[PDB]
Visitor: 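Here you go, one structure.
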Amino acid sequence: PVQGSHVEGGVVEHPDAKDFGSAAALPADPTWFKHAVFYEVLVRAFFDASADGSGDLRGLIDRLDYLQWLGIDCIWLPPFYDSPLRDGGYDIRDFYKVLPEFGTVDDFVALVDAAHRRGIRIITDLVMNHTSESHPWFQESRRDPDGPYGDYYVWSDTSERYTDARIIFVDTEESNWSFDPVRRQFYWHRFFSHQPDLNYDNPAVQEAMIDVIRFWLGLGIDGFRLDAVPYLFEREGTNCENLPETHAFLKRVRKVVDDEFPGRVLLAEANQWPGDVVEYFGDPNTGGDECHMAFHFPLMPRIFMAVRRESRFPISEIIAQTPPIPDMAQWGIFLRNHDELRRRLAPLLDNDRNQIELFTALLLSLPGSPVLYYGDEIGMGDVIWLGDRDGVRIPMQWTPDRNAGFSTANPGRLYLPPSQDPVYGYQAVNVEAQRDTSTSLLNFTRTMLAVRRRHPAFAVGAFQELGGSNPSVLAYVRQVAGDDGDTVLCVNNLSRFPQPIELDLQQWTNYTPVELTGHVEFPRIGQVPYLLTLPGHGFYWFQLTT
Amino acid sequence: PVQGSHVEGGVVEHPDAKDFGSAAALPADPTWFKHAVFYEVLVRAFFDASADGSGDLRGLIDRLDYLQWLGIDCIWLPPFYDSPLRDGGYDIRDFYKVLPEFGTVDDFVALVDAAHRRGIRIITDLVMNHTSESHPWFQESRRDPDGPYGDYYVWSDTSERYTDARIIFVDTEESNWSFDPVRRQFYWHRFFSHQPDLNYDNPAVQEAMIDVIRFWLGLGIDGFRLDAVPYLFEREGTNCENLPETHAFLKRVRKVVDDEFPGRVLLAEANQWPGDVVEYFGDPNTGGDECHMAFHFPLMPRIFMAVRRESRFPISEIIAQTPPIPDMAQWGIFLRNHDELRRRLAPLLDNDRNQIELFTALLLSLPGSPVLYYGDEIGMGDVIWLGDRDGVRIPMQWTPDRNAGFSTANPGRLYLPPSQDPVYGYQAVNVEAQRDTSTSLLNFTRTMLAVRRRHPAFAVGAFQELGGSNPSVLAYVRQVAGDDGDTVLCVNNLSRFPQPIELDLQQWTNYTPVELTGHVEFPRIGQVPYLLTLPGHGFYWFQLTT
Amino acid sequence: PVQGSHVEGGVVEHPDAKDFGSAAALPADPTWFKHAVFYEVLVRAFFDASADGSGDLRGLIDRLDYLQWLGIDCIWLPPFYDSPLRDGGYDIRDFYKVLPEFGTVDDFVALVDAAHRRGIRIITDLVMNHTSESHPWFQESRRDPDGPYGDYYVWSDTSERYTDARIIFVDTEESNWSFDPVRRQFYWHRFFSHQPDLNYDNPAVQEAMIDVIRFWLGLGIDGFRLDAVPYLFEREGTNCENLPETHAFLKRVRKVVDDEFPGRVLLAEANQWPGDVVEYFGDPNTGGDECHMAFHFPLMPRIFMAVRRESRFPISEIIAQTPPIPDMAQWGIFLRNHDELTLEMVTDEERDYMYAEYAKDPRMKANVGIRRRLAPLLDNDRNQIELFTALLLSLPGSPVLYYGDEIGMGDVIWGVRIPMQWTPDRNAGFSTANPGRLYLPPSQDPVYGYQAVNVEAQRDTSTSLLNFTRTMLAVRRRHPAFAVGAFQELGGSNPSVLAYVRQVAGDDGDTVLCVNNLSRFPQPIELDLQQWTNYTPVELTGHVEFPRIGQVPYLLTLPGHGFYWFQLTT
Ligand SMILES: [Ca+2]
Ligand SMILES: [Ca+2]
Ligand SMILES: [Ca+2]
């Protein structure tokens with residue numbers, strides 16, 4: 001049957017892309033990811049259509065109207081592949097099957113179709129470095145070492161190999177080698193003991209993984225974030241991170257992608273400083289020949305520090321300090337600082353809406369492609385009772401009714417109960433209560449999104465941080481090269497109190513600032529310091545017109 | 001016994017002020033009402049201390065910490081006198097007894113004491129025109145017409161008397177005369193049939209009422225609003241409103257008050273246009289010899305109209321059109337437009353916090369003494385299920401717990417259930433959830449109140465509405481006469497979008513605007529139009545410094 | 001236009017039944033009301049089909065499958081006529097138009113059609129003693145006393161007339177004469193000032209009113225409870241209640257109904273002791289020639305007293321002192337002690353031995369005036385809810401269930417007229433409209449609210465109060481003895497237990513046995529069932545066979561507040 005992967009007799013058989021119906025493709029656009037606003041949404045958390053207490057693919061399809069209305073450009077889904085779920089689905093049991101709980105592969109095709117028909121793209125995580133103990137390849141590797149899958153994983157008779165390579169999960173794991181009961185040998189894992197690393201020295205492993213990519217792209221997905229890529233290859237006498245063999249493989253994966261499925265995106269999961277992470281964009285001379293995107297991690301904690309210090313410098317510095325990137329490349333940016341490795345936006349700022357709105361303005365005007373996390377648009381919170389990764393993974397708060405309008409199933413059959421937090425709970429903050437109030441958090445972010453879309457300068461423009469006498473105020477221009485090109489001005493007050501600013505806008509003398517929210521013309525720029533004034537944590541967006 | 005009024009044998013006996021313990025008085029201040037911010041609070045709605053489902057006097061005493069913290073100057077209580085409650089307590093059965101449900105007179109003395117000790121004054125409604133059918137005077141009037149109380153009310157053998165006088169409650173009443181079953185005569189009532197009018201032509205009636213005033217003032221109350229005063233006297237061939245005999249009686253009531261209890265306040269309940277209502281301040285030459293305060297009704301609907309039109313003119317006009325008032329006089333102002341005769345602030349503005357905050361800034365900076373209605377500080381709502389007067393009278397929303405933290409009694413024994421409205425209900429909006437969030441509605445109004453207190457110009461300063469090129473922006477200065485006197489500047493944006501303003505502040509050349517919320521110095525004023533800039537519905541408060 | 005009533009130009013003109021579609025009548029059964037379980041439901045409270053926030057007739061139509069499933073034989077609607085609603089719709093402004101909020105006359109016809117096709121009947125209230133102040137008849141009477149409607153109401157030049165009549169609502173009113181501002185004459189009202197009394201001494205008023213009956217009967221309705229009937233006629237030197245002329249008029253109404261629309265029901269509303277109410281059944285020699293039905297009010301207070309006292313005596317005594325009734329008549333029974341046209345529990349100094357006792361018991365005292373639903377009344381005690389429901393369903397008469405009692409709904413205080421709780425979701429599945437625009441907010445009570453108690457939740461689970469009520473109703477239907485059987489209380493050694501037999505006369509006639517434990521503790525009882533030697537009791541709920549009856553007294557055993565139902569088979 002099409003659904004599932006089956007082992008017989010000694011070879012692991014998987015369905016090809018042809019076996020399923022092909023969803024409608026979207027017109028080829030090489031640099032769509034530059035202009036895209038991403039929406040990361042957990043399938044299990046969004047909407048439950050089958051009425052079993054856990055959100056599913058069919059449930060997501062229903063809520064595409066909402067997402068399109070909100071105005072997001074691409075949906076980003078955490079892993080949904082078949083798994084025993086010992087590590088939240090990052091322990092993949094089968095690359096060729098959707099977790100039965102979330103639906104079938106046919107349901108995924110129906111998602112990719114419905115979303116495409118609304119002009120919304122889909123990308124997912126794809127764990128690269130490791131699989132689950134439960135994966136058939138590993139079950140074959142440990143049983144028949146002389147079989148075709150015997151060299152799929154890293155095997156050793158000793159534990160005294162690849163020293164100096166750090167142990168990632170220091171709290172749980174004590175070594176990167178684990179003694180397998182059946183095969184009676186040690187195996188490699190940078191993560192959990194139930195997550196054995198693939199042996200990327202094996203050419204069959206490379207191809208098998210390129211085939212996994214080929215599969216999902218054939219179904220119609222618009223790209224992947226490639227997970228745990230800094231740990232792909234390992235060589236004796238090193239720290240086993242960021243190796244030349246790792247980069248070379250990713251370059252090859254790009255070459256395949258560009259050839260067979262042109263116009264898709266590849267993002268690199270790498271929790272590291274920019275300038276270290278910049279390697280994953282590849283060679284600058286090619287215009288980028290590795291991953292299209294990597295994330296800018298220090299941005300958000302710098303924004304936070306700027307607000308607490310009431311000073312622009314922490315923000316202006318990391319931007320000035322950010323390495324230049326190739327043409328066919330973009331920084332992924334988001335209002336968080338932890339990956340794997342959390343809190344959520346609203347509770348981090350003590351529920352201060354002006355401050356949230358400021359952070360959101362920043363997110364949507366700074367260089368890069370913004371990523372919103374499901375429920376940030378309504379100021380949802382986290383839960384401590386669950387701790388870190390499970391605490392942010394609570395069901396979407398649509399209404400103040402039973403189950404927050406997320407499921408019709410009996411409360412108790414739910415995977416997690418919606419938070420009844422006195423401030424961030426579903427009775428206090430939800431979609432229904434905010435859809436009609438014009439100044440709600442929900443309608444605010446929809447407005448900015450709409451405004452951002454009419455101005456390419458936010459997405460692909462240059463960045464010029466201006467200077468003011470006032471250290472509390474961050475002002476900058478985003479400009480598209482060429483005469484009569486999109487030019488926007490962004491003024492942000494990091495102080496909790498009203499502030500005056502003088503800006504040197506001589507560069508745009510005789511231009512007229514037109515405020516983007518209400519199209520009100522402001523005094524034209526002269527040869528004189530341009531004076532603006534803002535309340536605590538306010539911001540202005542202007543188009544500079546000629 | 002001290003609690004209650006008793007009839008024997010043909011004379012109605014009432015306890016004197018001496019019979020109770022005198023609460024601690026507050027140092028004499030003739031013009032305290034000019035600087036006061038009033039807080040109108042329904043006893044039944046605030047806090048239930050006896051655990052019976054209806055709020056009481058003892059419950060209020062507990063919440064004085066909250067009120068003082070919030071920073072209000074005087075508590076205003078709707079009628080709490082003994083009553084059958086056929087008309088919400090405005091049908092008074094006994095002037096000399098607190099409604100048993102709310103407590104005793106001793107509990108009221110303990111309130112007036114505790115509040116005074118916190119520097120907070122107390123005022124209450126005192127219904128003047130009429131009493132209840134249930135009142136002993138009327139029961140004596142209808143039984144023995146030749147007795148001492150026989151001429152206490154207006155009696156007639158016919159209904160064809162005082163025509164041309166309008167019937168107020170057209171929906172219910174059909175005539176201002178009602179046929180009494182016992183006495184077999186008609187009696188006068190401008191309000192309900194169970195609310196017979198006092199005969200103010202009778203000198204004994206006048207004195208008895210001056211004695212009622214003398215009673216409560218002796219207990220220690222800081223003043224009254226005198227209810228239904230436009231209807232006190234009646235004369236054949238008129239509309240029986242606003243008669244010279246009515247004004248003359250009030251002048252006499254003032255003379256008594258000033259002599260026997262100096263430093264108290266008298267407010268007139270009159271639902272009429274300013275210039276018509278201005279009569280109730282008395283003769284201007286005396287500096288005011290009638291009521292100290294009357295309300296400015298058209299203000300709030302003019303503020304609303306200004307915001308919908310996005311134009312200052314509706315506001316600037318009624319202020320320019322407001323008649324001048326005597327020295328010892330003040331306009332009472334509030335964010336409502338109905339008395340008797342409603343909605344609440346937040347739901348009227350579709351829960352737009354910026355707009356609420358704008359209206360509140362206006363309230364606290366415009367000429368007069370502001371009056372906040374209990375729960376406005378947290379954006380409470382109304383309930384349609386109850387209709388008009390009972391719909392606004394819902395219990396105070398302290399917490400998101402059982403009964404909203406208002407009562408510990410079993411829900412069901414409550415007088416009214418707290419609203420579980422999806423947006424304005426106690427789970428969505430409450431004191432507890434807003435006390436910690438710095439930018440909450442609750443902490444915003446506390447900040448403005450605090451700021452207002454340090455600036456007498458808001459209370460007793462002159463009013464100069466400046467002019468700007470921008471019609472959307474209302475700017476004005478409040479200035480206390482005399483060199484080095486308190487001078488504040490208020491700039492308010494009525495547009496929902498960001499606006500620029502040029503102000504002619506030549507009158508204060510070389511002055512320095514210092515923003516009151518954060519004490520940030522702004523550019524000094526020159527001989528040049530002063531440019532400010534504001535987001536949608538923002539405002540600035542400045543002190544102009546020398 | 002067909003909808004409304006209009007005064008053109010001096011005469012109040014109204015539409016006829018022929019102007020609307022005729023609803024299909026059921027096969028004529030003159031004694032259906034004896035075998036019927038009634039279900040009383042506020043139109044406003046049941047289901048909102050128009051999405052306006054208020055319940056409507058169209059909504060009730062959608063909910064008929066549920067009522068049929070539950071197993072009720074007749075729906076009873078409180079007043080739904082056009083009204084200003086100054087007194088719960090009992091102040092009628094127009095008899096010929098449905099209150100716009102609930103829909104039109106055309107919606108009502110469709111309801112009768114949809115109900116009958118399921119085998120369910122419809123009855124409603126009809127206020128007979130008074131109309132609203134706002135009624136066209138009163139407006140014409142006050143304006144032109146010389147006109148046709150001038151004598152439709154009772155007018156006097158003095159208040160000192162009919163001084164022997166009491167004031168029903170002593171709190172709101174101080175006289176039964178209100179002085180009119182326009183006509184300048186006192187008019188008579190037995191209730192509120194805005195409810196002037198019709199003058200039944202006027203032949204035109206009578207004929208006009210029986211035409212109102214003709215209208216709704218012609219549309220398809222199966223009956224009315226005729227409201228405020230004890231007060232129709234007034235006479236100087238009398239207390240103005242229960243006058244022979246009042247009864248005479250009602251006999252004429254019954255005469256017309258039987259002749260023109262055979263097989264309908266007329267119920268007398270009268271807040272009186274049984275023995276006083278029995279007059280409203282009419283002349284027994286006829287078989288009954290007035291009202292078919294009247295309510296037995298002291299029943300449930302006596303049941304309540306019996307449970308608290310743990311003694312059958314208060315129940316035994318009222319059954320024993322209940323006067324026999326005409327052949328074509330039935331007591332209506334319900335778990336309340338007064339109706340909506342009065343404030344206080346029906347009682348009697350002379351004929352009620354528990355007269356002073358109800359006050360001495362705290363739990364009972366809190367139920368003299370206040371109307372509560374069944375579950376709250378009994379502190380949500382399932383055993384007692386089931387016990388009272390067994391009593392209501394097995395004692396003589398036709399039982400009336402109040403909407404929502406079957407799922408154990410509660411009250412509010414400001415309140416039994418709250419929205420029906422269908423589901424635990426938005427608006428309790430009552431309406432699709434905004435929560436703020438609903439006529440009243442669905443109870444969100446932690447114990448009685450819609451999240452904890454609703455139809456959907458209970459329909460599934462077999463142990464639910466809903467499934468109890470449905471089983472009982474189903475069991476009762478299989479046994480005519482409950483509806484029309486004789487009553488025979490049994491001799492027993494234990495007064496903690498109330499036991500009785502219901503028997504249809506004749507050979508092979510339906511015979512059931514009911515045994516009810518009033519004690520909160522387990523009790524043994526030996527019953528004198530010699531009359532049924534060799535008969536076998538089969539428990540009705542699970543068809544379990546109990547020991548054959550001998551000549552020896554028969555022993556049963558019950559736990560606190562338990563009960564059994566048996567068929568005595570041969
Ligand atoms: Ca590896
Ligand atoms: Ca008067
Ligand atoms: Ca009558």
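Below, chains carry the letters A, B, ... as their sequence lines are ordered, and counting in each starts from 1.
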Visitor: Taking the ring centre of each residue, are A:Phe191 and A:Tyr90 less than 6.0 Å apart?
Guide: no

Visitor: Tell me, with the steps shown, if A:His247 and A:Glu279 meet side chain to side chain donor-acceptor pair (under 3.5 Å).
Guide: CA-CA 8 Å; A:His247 290 289; A:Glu279 312 261 290; 4.6 Å; no

Visitor: Is the A:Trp76 ring parallel, tilted or perpendicular to the A:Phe295 ring (thresholds 30°, 60°)?
Guide: parallel

Visitor: Using a 4.5 Å cut-off on heavy atoms from C-beta on, say whether the side chain of A:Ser440 contacts that of A:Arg435.
Guide: no

Visitor: Starting at CD1 of A:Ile168, measure out to CD of A:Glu241 and round the result to the nearest 0.5 Å.
Guide: 6.5 Å

Visitor: Has the side chain of A:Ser369 got a donor or acceptor atom that lies under 3.5 Å from a matching backbone atom of A:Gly332?
Guide: no

Visitor: I'd like to know if the side chain of A:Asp227 reaches the main chain of A:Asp125, judged simply by a donor and an acceptor atom lying under 3.5 Å from each other, with no hydrogens or angles considered.
Guide: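 Pair absent, no side-chain N/O of A:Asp227 close to backbone of A:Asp125.
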
Visitor: Search all heavy atoms of A:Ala270 against all heavy atoms of A:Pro230 and return the closest pair with its distance.
Guide: CB-CG, 3.9 Å

Visitor: Can you tell me how far the OG atom of A:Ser132 sits from the CH2 atom of A:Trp137, to the nearest 0.5 Å?
Guide: 13.0 Å

Visitor: When you measure from the centre of the six-membered ring of A:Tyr231, is the NZ or CZ of A:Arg190 closer than 6.0 Å and no more than 45° off the axis?
Guide: no

Visitor: Answer yes or no: is there a side-chain heavy-atom contact under 4.5 Å between A:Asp197 and A:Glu234?
Guide: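 Side chain of A:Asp197 against side chain of A:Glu234, heavy atoms only: contact under 4.5 Å found.
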
Visitor: Compare every heavy atom of A:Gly379 with every heavy atom of A:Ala346, then report the nearest pair and how far apart it is.
Guide: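 Closest pair (atom of A:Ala346, atom of A:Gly379, distance): CB-O, 3.6 Å.
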
Visitor: Just how far is it from atom CG of A:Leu335 to atom CG of A:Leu348, taken to the nearest 0.5 Å?
Guide: 9.5 Å

Visitor: Decide yes or no on side-chain contact (heavy atoms from CB on, under 4.5 Å) for A:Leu217 and A:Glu260, but give the supporting numbers first.
Guide: CA-CA 9 Å; A:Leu217 289 176; A:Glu260 291 170 37; over 6 Å; no

Visitor: Quick one: do A:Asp87 and A:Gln195 satisfy side chain to side chain donor-acceptor pair (under 3.5 Å)? Show the steps, please.
Guide: CA-CA 9 Å; A:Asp87 186 40; A:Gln195 285 173 304; 3.2 Å; yes

Visitor: Say whether, by atom type as modelled, one donor and one acceptor occur between the side chain of A:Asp82 and the main chain of A:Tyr96 under 3.5 angstrom.
Guide: no

Visitor: Begin from the C-alpha positions of A:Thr131 and A:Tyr153 and carry the test side chain to side chain donor-acceptor pair (under 3.5 Å) through to its verdict.
Guide: CA-CA 10 Å; A:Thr131 63; A:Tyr153 300 85; 2.8 Å; yes

Visitor: Under 3.5 Å, side chain of A:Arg342 to main-chain N/O of A:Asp388, donor-acceptor pair present?
Guide: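 A pair under 3.5 Å: no.
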
Visitor: Start with the C-alpha distance between A:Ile221 and A:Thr124, add both sets of side-chain angles, then the distance that settles side-chain contact (heavy atoms from CB on, under 4.5 Å), and finish with yes or no.
Guide: CA-CA 8 Å; A:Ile221 207 158; A:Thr124 195; 3.5 Å; yes

Visitor: Heavy atoms, side chains only, cut-off 4.5 Å: are A:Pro370 and A:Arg452 in contact?
Guide: yes

Visitor: What I want to find out is whether A:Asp211 reaches A:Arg214 closely enough, with some N-O distance under 4.0 Å, to be called a salt bridge.
Guide: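 A:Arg214 and A:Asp211: salt-bridged.
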
Visitor: Side chains of A:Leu441 and A:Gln434, heavy atoms from C-beta outward: is any pair under 4.5 Å?
Guide: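 Contact flag for A:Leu441/A:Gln434 side chains = yes.
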
Visitor: Return the CG to CG distance between A:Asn403 and A:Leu414, rounded to the nearest 0.5 Å.
Guide: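 That separation rounds to 4.5 Å.
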
Visitor: For the residue pair A:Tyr152 and A:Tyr149, categorise the inter-ring angle as parallel (less than 30°), tilted (30 to 60°) or perpendicular (more than 60°).
Guide: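 Aromatic pair A:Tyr152/A:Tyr149 classed perpendicular.
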
Visitor: Just do the side-chain contact (heavy atoms from CB on, under 4.5 Å) check on A:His35 and A:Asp73 with the steps written out, would you?
Guide: CA-CA 8 Å; A:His35 301 276; A:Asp73 303 293; over 6 Å; no

Visitor: Would you say A:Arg63's side chain and A:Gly59's backbone share a donor-acceptor pair under 3.5 angstrom?
Guide: no

Visitor: To the closest 0.5 Å, what do you measure between CD1 (A:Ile303) and CD1 (A:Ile333)?
Guide: 7.5 Å

Visitor: Below 4.0 angstrom, N of the basic side chain to O of the carboxylate: do A:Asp486 and A:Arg454 qualify?
Guide: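 Between A:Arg454 and A:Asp486 there is no salt bridge, as every charged N stays at least 4.0 Å from the carboxylate O atoms.
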
Visitor: Give the intermediate values and the outcome of side-chain contact (heavy atoms from CB on, under 4.5 Å) for residues A:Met380 and A:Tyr424.
Guide: CA-CA 6 Å; A:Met380 273 181 61; A:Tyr424 307 100; over 6 Å; no

Visitor: Is the shortest heavy-atom distance from the side chain of A:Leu366 to the side chain of A:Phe463 under 4.5 Å?
Guide: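 SC-SC contact between A:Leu366 and A:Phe463 confirmed.
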
Visitor: Between A:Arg453 (side chain only) and A:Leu449 (backbone N and O only), is there a donor and an acceptor less than 3.5 Å apart?
Guide: no

Visitor: Exactly one of A:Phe261, A:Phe95, A:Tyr81, A:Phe224 should register a ring-ring contact (aromatic ring centres under 6.0 Å, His included) with A:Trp216. Which one does?
Guide: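 That would be A:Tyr81; it is the only one of A:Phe261, A:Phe95, A:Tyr81, A:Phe224 passing the ring-ring contact (aromatic ring centres under 6.0 Å, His included) with A:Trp216.
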
Visitor: Report yes if the side chains of A:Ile123 and A:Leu267 come closer than 4.5 Å at any heavy-atom pair, otherwise no.
Guide: yes

Visitor: Indicate yes or no: does A:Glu377 engage A:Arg446 in a salt bridge with an N to O separation below 4.0 Å.
Guide: no

Visitor: Would you check if the side chain of A:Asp222 reaches a backbone N or O of A:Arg264 as a donor-acceptor pair within less than 3.5 Å?
Guide: no

Visitor: For A:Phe169 and A:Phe192, what are the C-alpha separation, side-chain angles and deciding distance, and is it a ring pair (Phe, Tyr, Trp, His ring centres under 6.0 Å)?
Guide: CA-CA 7 Å; A:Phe169 294 113; A:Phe192 291 100; 4.4 Å; yes

Visitor: Below 4.0 angstrom, N of the basic side chain to O of the carboxylate: do A:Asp289 and A:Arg254 qualify?
Guide: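 Looking at A:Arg254 together with A:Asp289, the answer is no, because their closest N to O distance does not fall below 4.0 Å.
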
Visitor: Do A:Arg353 and A:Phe444 meet the cation-pi criteria used here (NZ or CZ under 6.0 Å from the six-membered ring centre, within 45° of the axis)?
Guide: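 Here A:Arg353 fails the 6.0 Å and 45° test against A:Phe444.
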
Visitor: Parallel, tilted or perpendicular: which fits the ring planes of A:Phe215 and A:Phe20, with parallel below 30° and perpendicular above 60°?
Guide: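 Answer is perpendicular, since the angle exceeds 60°.
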
Visitor: Do the non-hydrogen side-chain atoms of A:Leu416 and A:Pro395 ever get within less than 4.5 Å of each other?
Guide: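 A side-chain contact under 4.5 Å exists here.
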
Visitor: Decide yes or no for A:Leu85 and A:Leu99: does some side-chain heavy atom of the first lie under 4.5 Å from some side-chain heavy atom of the second?
Guide: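 Counting from C-beta outward, A:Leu85 and A:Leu99 do come under 4.5 Å.
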
Visitor: Should the pair A:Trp398 and A:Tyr66 be assigned to parallel (<30°), tilted (30 to 60°) or perpendicular (>60°) ring geometry?
Guide: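 The rings of A:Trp398 and A:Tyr66 stand perpendicular, inter-plane angle above 60°.
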
Visitor: If the test is ring-ring contact (aromatic ring centres under 6.0 Å, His included), which one of A:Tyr280, A:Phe33, A:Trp32 qualifies with A:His292?
Guide: A:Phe33

Visitor: Can you check whether A:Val154's main-chain N or O pairs, donor with acceptor, with A:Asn199's side chain at less than 3.5 Å?
Guide: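 Looks like no, no N/O pair under 3.5 Å.
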
Visitor: To the closest 0.5 Å, what do you measure between CG (A:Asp382) and CD1 (A:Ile394)?
Guide: 7.5 Å

Visitor: For the residue pair A:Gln397 / A:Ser419, report whether a side-chain donor-acceptor contact shorter than 3.5 Å exists.
Guide: yes

Visitor: Apply ring pair (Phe, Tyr, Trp, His ring centres under 6.0 Å) to the pair A:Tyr426 and A:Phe406, showing each step before the final yes or no.
Guide: CA-CA 11 Å; A:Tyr426 71 92; A:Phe406 144 85; over 10 Å; no

Visitor: Charged N to carboxylate O under 4.0 angstrom, A:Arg225 versus A:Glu40?
Guide: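 Salt bridge absent between A:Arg225 and A:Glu40.
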
Visitor: Would you say A:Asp113's side chain and A:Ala24's backbone share a donor-acceptor pair under 3.5 angstrom?
Guide: yes

Visitor: Taking the basic N atoms (NZ, or NE/NH1/NH2) and the acidic carboxylate oxygens, is any pair closer than 4.0 Å for A:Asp283 and A:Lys251?
Guide: no

Visitor: Do A:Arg344 and A:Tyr374 meet the cation-pi criteria used here (NZ or CZ under 6.0 Å from the six-membered ring centre, within 45° of the axis)?
Guide: yes

Visitor: Closer than 3.5 angstrom, by distance alone: can the side chain of A:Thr447 be matched with the main-chain N or O of A:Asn443 as a donor-acceptor pair?
Guide: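 Judged by distance alone, yes, a pair lies under 3.5 Å.
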
